[PDB]
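Here is what each chain is made of, one letter per residue.
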Amino acid sequence: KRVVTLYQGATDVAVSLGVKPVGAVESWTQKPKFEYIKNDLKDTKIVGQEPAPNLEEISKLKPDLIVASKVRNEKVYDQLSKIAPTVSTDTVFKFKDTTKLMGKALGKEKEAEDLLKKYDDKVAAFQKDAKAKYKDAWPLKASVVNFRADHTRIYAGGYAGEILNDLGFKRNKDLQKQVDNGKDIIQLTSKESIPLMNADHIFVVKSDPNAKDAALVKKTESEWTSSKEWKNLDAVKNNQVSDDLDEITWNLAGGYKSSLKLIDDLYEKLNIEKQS
């Protein structure tokens, strides 16, 4: 019942299962708690930042359960498990594993099953609706792209890339090979690598517009989206680029609630009728 969650998605999953965490890590933006979930986290103690949560703060909260990840907390498992029974996922973004694991750990197995059913239903309906729209062009190849200060990222795997995969989207062969090799995020510094993001539809995830480098980000985006390689991408030639996707939904929040919002974003951005 008293749970501390050490990554964004676990915090969101706890709330989604009807459990308010007693401690959680600080949100990546909209600090200390994302707007979409802050009302569900009213007396939740912020136990520090996800890269290095404060172990004393966790200890003071006397949790019954700590939800950790290998990627963030690998070097402190011995210390966490001294404080309270600790569960772990390997990554922070596989919200279906987070849901199942925490379902078991919290005695919320039925709640977890209901959540995943609702997700599975929405996915199946989306596949049907997209097929109805795109017909012989379905399944579309997709790529998810994010411009940064000094480089451009493709989110081949990770949070959005897995949801898009559940949803029936494919990848160009070169991008898929990189996913097959355990790459989730690919950093590009050369515009010669731009064909790696080729797709029938490209989704551009917007970085925090309030970031202190928001100016240098627009500049990088400006150069890349003016390049001849970008202009030769299939999605670009066919005017199939979706812009201004919220990074909280598309990457940062990592949890159950975002998965539904992301599917809603796709209905609207792709102008897909949802049949009934």
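Method-wise, the PDB entry is recorded as coming from X-ray crystallography, at a reported resolution of 2.10 Å.

Each helix and strand counted, the protein chain has 13 helices and twelve strands in total. Taken over C-alpha atoms, the radius of gyration comes to 20 Å for the protein chain, in line with the 19 Å a tight globule of 276 residues would show. C-alpha atoms of the protein chain, sized along the principal axes, occupy 55 × 45 × 35 Å. Scored against the burial criterion, the 276 residues of the protein chain give a buried share of 48%. In the protein chain, 65% of the contacts between residues at least 6 apart in sequence involve partners at least 24 apart. Element-wise, carbon and sulfur atoms account for 46% of the exposed surface of the protein chain, whose accessible area totals about 13,800 Å². The distance from the centre of the 47 positive side-chain charges to the centre of the 43 negative ones in the protein chain is 1 Å.

This brings us to the side chain of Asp265. You can see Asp265 is positioned in helix α13 (residues 256-269). Excluding its chain neighbours within four sequence positions, the residues that come into contact with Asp265 are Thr249 and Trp250.

For the rest of this paragraph, the subject is the pairing of strand β11 (residues 201-206). For β11, the tally of buried residues reaches five of six residues, placing the bulk of the element in the interior. Pairing of strand β8 (residues 142-147) with β11, which is carried by four bridges, proceeds in the parallel orientation. Within β11, the residue paired with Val144 across the bridge is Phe203. Bridge count between β11 and strand β12 (residues 241-246): four bridges; the pairing is parallel. Across the sheet, the residue bridging to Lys206 is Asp246, located in β12.

Okay, the packing of aromatic side chains next. Pairs of aromatic rings are described using the distance from one ring centre to the other and the angle between the two planes. Across all of its chains, the model carries twelve aromatic pairs by this definition. Ring centres of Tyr134 and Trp138 lie 6.1 Å apart, and the angle between their planes is 20 degrees; on these two criteria the pair is classed as stacked. As far as the burial class goes, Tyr134 and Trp138 line up, both buried. Consider the rings of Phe169 and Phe203, whose centres lie 6.0 Å apart with planes at 85 degrees: the pair is edge-to-face. Of this pair, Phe169 sits in the loop between α7 (158-166) and α8 (173-180) while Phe203 sits in strand β11, and the two are 34 residues apart along the sequence. Here the aromatic residues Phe126, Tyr134, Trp138, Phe169, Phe203, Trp250 and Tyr267 are joined through ring pairs into a cluster of three or more.

Conventions adopted
- Residues numbered from 1 in each chain as written, not as in the entry; some residues may be left out.
- Heavy atoms only, no water.
- Helix = DSSP H or I, 4+ residues; strand = E, 2+ residues; numbered from the N terminus.
- Rg over C-alpha atoms; globule rule 2.2 N^0.38 Å.
- Buried < 20%, exposed > 50% of the residue type's maximum accessible area, 1.4 Å probe, protein only.
- Contact = heavy atoms within 4.5 Å.
- Areas by Shrake-Rupley, 256 points an atom, 1.4 Å probe, with all protein chains shown as cover.
- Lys, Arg positive; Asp, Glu negative; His and termini not counted.
- Charge placed at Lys NZ, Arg CZ, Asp CG, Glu CD.
- Pairing = 2+ DSSP bridges.
- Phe/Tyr/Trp six-rings, centres within 6.5 Å; stacked < 30°, edge-to-face > 60°.

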